[PDB]
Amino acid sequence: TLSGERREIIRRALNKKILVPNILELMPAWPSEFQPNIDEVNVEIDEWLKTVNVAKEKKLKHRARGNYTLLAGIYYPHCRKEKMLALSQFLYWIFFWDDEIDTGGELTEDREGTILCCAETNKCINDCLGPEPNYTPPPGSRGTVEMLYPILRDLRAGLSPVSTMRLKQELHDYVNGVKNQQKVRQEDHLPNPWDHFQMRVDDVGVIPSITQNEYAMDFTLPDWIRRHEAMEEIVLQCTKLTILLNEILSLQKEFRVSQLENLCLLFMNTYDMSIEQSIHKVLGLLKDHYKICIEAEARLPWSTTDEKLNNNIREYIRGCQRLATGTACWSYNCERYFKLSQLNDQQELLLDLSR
């Protein structure tokens, strides 16, 4: 049964300590950097957060432990300072919004709660990014949608129409992924890891961060290149890298609230592995996707005559790669997932599944 399976996974992982190596060592050719104005942007973000209609205790906790201006500064280390505010605001939106509709959220176990939120959020995305935009939040707009209107307005002001179409669809995909994960018909067992992994790859909200590199660095990747098999592969590999490293780095946080649909725990449940063995297998898949991604670079349609085109290809894939390294680097520099005292002087993370 579901209850028996959960009971057993908690038993086998309870109070375990796992020493996790520095994940950035597994992507050594992909460097991490920090946008040089993060602190000054955070001063602006703190003033802006006063105007956001999200509960004060929630805003303070996200700001302190999440600190998403830092995440934007690692994803987009070479952007001009003027781009940082919108990029940082967007991350505050998506983490605030996800908080209400993720596995522990207010809306997650209510049919109308999820469905009506997704309807309102999809309408905002359409209102701001479609061909007849209206950026004014409707009078009844809830706080986590009202704040999205000016953010999308500002991002669209720095994006071409081609990049805007990608951002729009990627956001709908994220919102619809949330809506479609709510099943009227719940299964009496933990999911097969393959089914869970497929769901995460389709529904993770990170592809909008790749497209926002086109805002950050003020360029447009042409669709005919974006649809090339090697570029599709690079996007997919970096998406998978980000999901897998996030499964490891979020294991402690998720286990402590008994949220057991974590890929590491599903490996334990389905393949009869210890938690150490399961993390080791995830790290092995990380190494694989890093190598697959690098191999795809040689197949890209590089130009022999158009260096501006080549520069856009190079920046687009560096944005993809910084999604993977940046999510890891940020996780090692904030307290969303664990206390930073849990890192030692060799950047090894001592996870502690006590509760």
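Whichever C-alpha set is largest while still superposing within 1.5 Å between the two forms counts as the rigid core. Residue indices: 1-based, along the sequence shown.
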Which of 303 to 311 and 58 to 66 lies farther from this form in 4 other deposited structures of this protein, as RMS of C-alpha positions after a rigid core fit: 303 to 311
Segment of greater CA departure in 4 other deposited structures of this protein, 193 to 201 or 121 to 129, core superposed: 193 to 201
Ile151 not built in a third or more of the other entries: no
Other PDB entries, at least a third, lacking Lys183: yes
Mean C-alpha B-factor comparison - 108 to 116 and 187 to 195, higher one: 187 to 195
Which of 173 to 181 and 83 to 91 has higher mean CA B factor, as the PDB entry lists it: 173 to 181
Of the residues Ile74, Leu260, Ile125, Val162, the one carrying the largest Cα B-factor as recorded: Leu260
C-alpha B-factor winner, where the candidates are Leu221, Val206, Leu249, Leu236: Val206
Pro301 by Cα B-factor - lowest, middle or highest third of the modelled chain: highest
Among modelled residues of the same chain, the CA temperature factor third for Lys253: highest
For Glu295, the third of its chain into which the C-alpha B factor falls: highest
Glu307 - Cα temperature factor, lowest/middle/highest third of chain: highest
Record-listed C-alpha B factor of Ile18: chain third: highest
